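Okay, here's what each chain looks like letter by letter:
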Amino acid sequence: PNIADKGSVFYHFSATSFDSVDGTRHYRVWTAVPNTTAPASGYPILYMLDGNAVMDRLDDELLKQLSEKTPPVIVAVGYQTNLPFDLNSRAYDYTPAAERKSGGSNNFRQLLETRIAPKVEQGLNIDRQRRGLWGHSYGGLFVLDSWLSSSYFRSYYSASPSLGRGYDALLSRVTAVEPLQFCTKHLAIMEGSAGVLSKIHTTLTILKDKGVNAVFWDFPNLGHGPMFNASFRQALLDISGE
């Protein structure tokens with residue numbers, strides 16, 4: 001989150017604090033607002049997990065590029081720490097309850113949607129109809145879990161969801177959704193690395209078949225690591241109208 005301390009000509013920042021209900025997890029949320037005027041409808045907005053990591057890698061070339069179209073307000077939900085990732089915190093907040101401590105997705109969603117989001121969009125013109133959610137790895141699983149129950153977000157970017165570790169059933173739950181309340185919902189799964197492809201292919205096949213607006217972003221041979229950057233930058237690019 002140095003570009004926040006540093007400062008950009010394309011965006012201006014502000015940091016704020018939050019705590020989990022159990023009081024053992026502490027959050028640091030950075031809100032980045034474009035320095036360019038917001039469209040009539042308002043700035044689109046993207047809430048992003050692993051906030052410290054996103055903020056530490058956010059560069060101006062990207063900010064400039066987003067400014068070429070409709071730059072979004074960026075909400076990097078991180079943790080009060082000096083490292084880019086809080087392995088224990090995220091390991092709990094991002095994993096689905098349905099399927100070390102895990103399964104705190106619902107409570108983290110509660111915190112996110114009824115406390116953080118309401119507070120950070122305050123005094124800002126946001127196209128609330130253009131809200132997006134992005135997550136990678138465990139964060140990826142949280143987006144899927146959110147897609148399944150939230151009506152708060154419109155665009156959902158699940159990147160490299162680590163379902164192959166006690167969460168394989170989440171994909172199953174996702175491809176199982178009732179056609180009714182999901183027909184129009186957006187869902188973009190992002191992968192790279194290199195039958196995971198087949199499962200994703202099939203998933204999107206069944207979802208599109210149900211009438212769901214599911215899409216696949218492929219980044220051939222990109223490791224799990226490089227996928228963090230690729231997906232978080234492309235999602236921003238996408239939400240900005242690329």
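Here every chain is numbered from 1 following its written sequence, which may not line up with the entry's numbers; residues without coordinates are dropped from view. No hydrogens and no water enter the side-chain calculation; it runs on all heavy atoms of the structure.

Regarding how it was determined, this PDB entry cites X-ray crystallography in its header, along with a resolution of 2.3 Å.

Looking at the PDB entry, one finds the protein named IroE protein and attributed to Escherichia coli. UniProt positions are given in the numbering used here, feature names are shortened, and annotations may be inferred rather than shown by experiment. In UniProt, the protein has this text filed under Sequence similarities (unreviewed entry): "Belongs to the esterase D family."

A. Focus on the pattern of salt bridges. Put simply, a salt bridge is a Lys or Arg side-chain nitrogen that is within 4 Å of an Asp or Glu carboxyl oxygen. Scanning the entire structure with this criterion turns up 10 salt bridges. As a salt-bridge pair, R25 and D93 come within 2.9 Å of each other at their nearest N and O atoms. With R25 in the loop between β1 (11-19) and β2 (26-34) and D93 in helix α4 (residues 87-93), this pair connects stretches of sequence that are 68 residues apart. By relative accessible area, which is 9% here, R25 ends up buried. Overall, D93 belongs to the buried group, its relative accessible area being 1%. Of the charged contacts, one joins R131 and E121 as a salt bridge, the two residues approaching to 3.1 Å between their closest N and O atoms. With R131 in strand β5 (residues 126-136) and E121 in the loop between α5 (105-120) and β5, this pair connects stretches of sequence that are 10 residues apart. Judged by its relative accessible area of 8%, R131 falls in the buried class. What you see here is one network of salt bridges that share partners, running through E99, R109, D145 and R173. Per the convention used, a helix needs a DSSP run of H or I reaching at least four residues, while a strand needs a run of E reaching at least two, with both numbered from the N terminus. Only protein chains enter the calculation, and the probe is 1.4 Å; a residue is then buried if its accessible area is under 20% of its type maximum, exposed if over 50%, and partly exposed in between.

B. Just the packing of α5 against helix α6 (residues 138-149), in detail. Between N-to-C directions, angles span 0 to 180 degrees; the directions come from axes that are lines fitted to C-alpha atoms, helices contributing only their stretch in contact. The N-to-C vectors of α5 and α6 enclose an angle of 70°; their axes lie 11 Å apart at closest approach. Overall, the two elements α5 and α6 adopt an arrangement that is roughly perpendicular. Side by side, α5 and α6 meet where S105, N106, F108, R109 and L112 of the first sit next to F142, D145, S146 and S149 of the second. Note on angle classes: values under 35 degrees are labelled roughly parallel, values over 145 roughly antiparallel, values of 65 to 115 roughly perpendicular, and the remainder oblique. Any two residues having at least one pair of non-hydrogen atoms within 4.5 Å are treated as being in contact.

C. A look at unusual backbone geometry. Backbone geometry at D50 places phi at a positive 55°, although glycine is not the residue there. With respect to the helices and strands, the residue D50 is situated in the loop between β3 (43-48) and α2 (51-57). A relative accessible area of 3% places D50 in the buried class. You will see that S160, though not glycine, has its phi angle at about 45°, which is positive. Considering the arrangement of structural elements, one finds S160 in the loop between β6 (155-159) and α7 (168-175). Residue class for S160 comes out buried when judged on its relative accessible area of 4%.

D. Spotlight on the sheet that holds β5. When DSSP finds two or more bridges between two strands, those strands count as paired. Taken in spatial order, the eight strands make up an open sheet running β1-β2-β4-β3-β5-β6-β7-β8, and their pairing is mixed. Of all strands in the sheet, those bounded by a partner on one side alone are β1 and β8 (213-218). The mean inter-strand angle of the sheet, taken between neighbouring strand axes irrespective of direction, is 20°. Alignment of β3 against strand β4 (residues 73-79), held across four bridges, turns out to be parallel. Along β4, the bridge assignment pairs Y47 with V75. Sheet strands touched by helix α9 (residues 224-239): β3, β4, β5, β6, β7 (186-191) and β8. Its angle to β5, the strand with the most contacts, is close to 170°.

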